[PDB]
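Sequence positions, counted from 1, serve as the residue numbers for this chain. Side chains included, hydrogens not; waters and symmetry mates left out as well; all remaining heavy atoms used.
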Amino acid sequence: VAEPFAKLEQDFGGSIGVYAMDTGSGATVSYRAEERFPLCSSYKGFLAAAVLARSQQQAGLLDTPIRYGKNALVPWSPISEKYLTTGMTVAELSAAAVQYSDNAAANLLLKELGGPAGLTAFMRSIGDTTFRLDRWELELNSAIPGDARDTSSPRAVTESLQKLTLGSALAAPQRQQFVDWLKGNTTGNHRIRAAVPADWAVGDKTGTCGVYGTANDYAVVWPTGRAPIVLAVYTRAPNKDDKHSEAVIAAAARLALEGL
Ligand SMILES: *C(=O)[C@H]([C@@H](C)O)[C@H]1CC(SCCNC=N)=C(C(=O)O)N1
């Protein structure tokens, strides 16, 4: 089982972490599934989930307009930047955070939740004890070896995604909104999506720290007429200038799906 992944992570020059779960059969694949990896932008899926969970207690939260100044803008905010003159609702910021990895939107939503500690508190509320977000955009992307900040494990990411997209953690309408946002993600076509047949529905959230060969993807997959699959592929590398590889993420994802 682990043999194909070790092979892959030695063509890549760094570490690959993989965890996949068949929700019907209960079969799993694990490879470095309990090691910590930098979240990079991938926490933004759970951010949107946390915002949805809070809207269950705070009616009208999703429609709340957030009017921000030019100061709220940080690099890689392609949606947020376009609406500087009108603002965006919490729901619009959430879709932007998920589907375009919009950094200003994420910081705005983090603020709504009480900062990185607020998001970590939400992940604890659903029983995730591994996840930790400690910093804001963009410092959380530093991905320095040995730093436990802003990390989780492939297994913890998979279990939390499972609880949120298929389980009871979100109420029924919020749960479908979360799934819909992941399904409409625009940044992951070359990662986990590239490993499934095009006739299978996929929702995913990517992460790309830009340094230390650190990039990732987690996804829910619906095989046609089949129980849904949940999986996470995370990578890192020892040298700051080591390049991440979308191909390696897709190859790792295919090995996980061909192995369940
Ligand atoms: C998140 O990981 C980073 C961080 C700088 O906020 C941004 C950069 C990118 S943009 C395209 C990356 N390539 C493939 N996805 C994303 C991202 O979508 O991963 N988030």
Q: When you look at CZ of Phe131, are more than 12 heavy atoms from neighbouring residues, nucleotides or ligands closer to it than 6.0 Å?
A: yes
Q: Just by distance, do the side chain of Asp204 and the backbone of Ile192 share a donor-acceptor pair under 3.5 Å?
A: no
Q: How far does CD1 of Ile229 sit from CG of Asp22, to the nearest 0.5 angstrom?
A: 3.5 Å
Q: What distance separates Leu109 CG from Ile66 CD1, expressed to the nearest 0.5 Å?
A: 6.0 Å
Q: If you count every heavy atom of other residues, nucleotides or ligands that lies below 6.0 Å from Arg67 atom CZ, does the total exceed 12?
A: no
Q: Between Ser41, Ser101, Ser42, which is the residue that forms a side chain to side chain donor-acceptor pair (under 3.5 Å) with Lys205?
A: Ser101
Q: Here's one to test your reading of the geometry: is the NZ or CZ of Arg236 within 45 degrees of the ring axis of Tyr212 and under 6.0 Å from its centre?
A: no
Q: Give a yes or no on whether the backbone of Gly210 and the side-chain of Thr208 come within a donor-acceptor separation of less than 3.5 Å.
A: no
Q: When rounded to the nearest 0.5 angstrom, what distance separates OH in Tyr31 from CG in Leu255?
A: 11.0 Å
Q: Is the backbone N or O of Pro228 less than 3.5 Å from a side-chain atom of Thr23, with the two atoms forming a donor-acceptor pair by type?
A: yes
Q: Are any of the side-chain nitrogens in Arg54 or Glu112 under 4.0 Å away from the carboxylate oxygens of its partner?
A: no
Q: Could you tell me which non-hydrogen atom of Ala215 sits nearest to which non-hydrogen atom of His244, and how far apart they are?
A: CB-CB, 3.6 Å
Q: Taking side chain as C-beta onward, heavy atoms only, is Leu110 less than 4.5 Å from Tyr43?
A: yes
Q: Would you say the side chains of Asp217 and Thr206 form a donor-acceptor pair under 3.5 Å?
A: no
Q: Flag yes if more than 12 heavy atoms outside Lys243 fall under 6.0 Å of its NZ atom; otherwise flag no.
A: no
Q: Any side-chain to backbone donor/acceptor pair from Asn107 onto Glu137? Under 3.5 Å, distance only.
A: yes
Q: Run the salt bridge (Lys or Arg N to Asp or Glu O under 4.0 Å) test on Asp147 and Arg135 for me, step by step, so that the C-alpha distance in whole Å, both residues' side-chain angles and the decisive distance to 0.1 Å come before the verdict.
A: CA-CA 12 Å; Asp147 196 1; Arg135 293 170 290 172; 3.4 Å; yes
Q: Any side-chain to backbone donor/acceptor pair from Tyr68 onto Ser80? Under 3.5 Å, distance only.
A: yes
Q: Do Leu260 and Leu231 have side chains that approach each other closer than 4.5 Å (heavy atoms only, starting at C-beta)?
A: no
Q: Please confirm whether the backbone N or O of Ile16 pairs with a side-chain atom of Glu9, one donor and one acceptor, at under 3.5 Å?
A: yes
Q: I need the minimum non-hydrogen distance between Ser94 and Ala48, along with the two atoms involved.
A: CB-CB, 4.2 Å
Q: Please name the pair of heavy atoms, one in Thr224 and one in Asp199, separated by the smallest distance, quoted to 0.1 Å.
A: OG1-O, 4.0 Å
Q: Has the side chain of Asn185 got a donor or acceptor atom that lies under 3.5 Å from a matching backbone atom of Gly203?
A: no
Q: With no hydrogens and no angle check, is any side-chain donor or acceptor of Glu81 less than 3.5 Å from a backbone partner on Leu73?
A: no
Q: Does the pair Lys70 and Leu84 meet the rule for a side-chain contact (heavy atoms from CB on, under 4.5 Å), with working shown?
A: CA-CA 7 Å; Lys70 183 117 177 79; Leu84 179 67; 3.7 Å; yes
Q: Does the separation of the ring centres of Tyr218 and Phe46 fall below 6.0 angstrom?
A: yes
Q: Would one find more than 12 heavy atoms of other residues, nucleotides or ligands at under 6.0 Å from atom CD of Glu3?
A: no
Q: So how far is it from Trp222 CH2 to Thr165 OG1, rounded to the nearest 0.5 Å?
A: 6.0 Å
Q: So do the side chains of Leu138 and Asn103 get within less than 4.5 Å of each other, counting heavy atoms only?
A: yes
Q: So which heavy atom on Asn141 is nearest to which on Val211, and how close?
A: O-CG2, 3.8 Å
Q: To the nearest 0.5 Å, what is the distance between OG1 (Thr235) and CZ (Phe37)?
A: 7.5 Å
Q: How long is the gap from SG on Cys40 to CG on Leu140, to the nearest 0.5 Å?
A: 8.0 Å
Q: Please find the pair of heavy atoms, one from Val230 and one from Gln162, that lie closest to each other, and give the distance.
A: CG1-N, 4.0 Å
Q: May I ask you to test the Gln174-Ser55 pair for a side-chain heavy-atom distance under 4.5 Å?
A: yes
Q: Using atom types as modelled and distance alone, determine if a side-chain donor or acceptor of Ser160 lies under 3.5 Å from a backbone N or O of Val157.
A: no
Q: Would you say the side-chain atoms of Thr64 pair up with the backbone N or O of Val90, donor to acceptor, closer than 3.5 Å?
A: no
Q: Mind checking whether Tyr234 and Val98 sit in one hydrophobic cluster, side chains of I, L, V, M, F, W, Y counted as touching below 4.5 Å?
A: yes
Q: If you compare all heavy atoms of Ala250 against all heavy atoms of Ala194, which two are closest, and at what distance to 0.1 Å?
A: CB-CB, 4.0 Å
Q: Taking the basic N atoms (NZ, or NE/NH1/NH2) and the acidic carboxylate oxygens, is any pair closer than 4.0 Å for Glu246 and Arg193?
A: no
Q: Can a side-chain donor-acceptor contact be found between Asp63 and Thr89 if the only test is distance below 3.5 angstrom?
A: no
Q: Ignoring hydrogens and geometry beyond distance, is a side-chain donor-acceptor pair present between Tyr19 and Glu159 at under 3.5 Å?
A: no
Q: Mark yes when over 12 heavy atoms from residues, nucleotides or ligands other than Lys111 sit less than 6.0 Å from its NZ; otherwise mark no.
A: yes
Q: I'd like to know whether CG of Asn71 has more than 12 heavy-atom contacts from other residues, nucleotides or ligands below 6.0 angstrom.
A: no
Q: Inspect the contact between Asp128 and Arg155 and indicate whether a charged nitrogen and a carboxylate oxygen are less than 4.0 angstrom apart.
A: no
